[PDB]
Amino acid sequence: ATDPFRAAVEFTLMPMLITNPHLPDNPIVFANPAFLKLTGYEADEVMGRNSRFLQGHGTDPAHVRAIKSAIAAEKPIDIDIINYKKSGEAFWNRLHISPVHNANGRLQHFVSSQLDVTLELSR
């Protein structure tokens, strides 16, 4: 009895993260193979860490503030932001984050897509 939705996420070519805001600092509790190929990290290097580690010297603080404020308000956000592979290579990340609420309205998870749009935006 395999979960078809889990397999959807495991097999898609679109990078995806799930985080758990009931653990301290809202850490990644799942990253799909697409995310690990994109960024160069192993699963054990990203699980248990906040997604912040993708940010670096080029990252616009205005982008980071907007994400922080949407997460605190438990609201979704779409935004392009400069992020960094483990190698150190910069890329433009088209980032989509959505909160996941209980039936009772209690925040449970966050889920995200990430898409390298370096070539698109280079135009």
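From 1 onward, residues are counted along the sequence shown.
If you average the CA temperature factors over each stretch, which comes out higher, 102-110 or 12-20? Per the PDB entry, the higher value belongs to 102-110.
Going by the B-factors listed in the PDB entry, is the mean over the C-alpha atoms higher for 28-36 or for 42-50? Higher mean C-alpha B-factor in the PDB entry: 42-50.
Of the three thirds of its chain by CA temperature factor, lowest, middle or highest, which one includes residue 56? Within its chain, residue 56 is a middle-third residue by C-alpha B-factor, going by the deposited values.
Would you please rank residue 97 by its C-alpha temperature factor against the other modelled residues of its chain and give the third it falls in: lowest, middle or highest? Within its chain, residue 97 is a lowest-third residue by C-alpha B-factor, going by the deposited values.
Would the CA B-factor of residue 67 place it in the lowest, middle or highest third of its chain? Lowest third.
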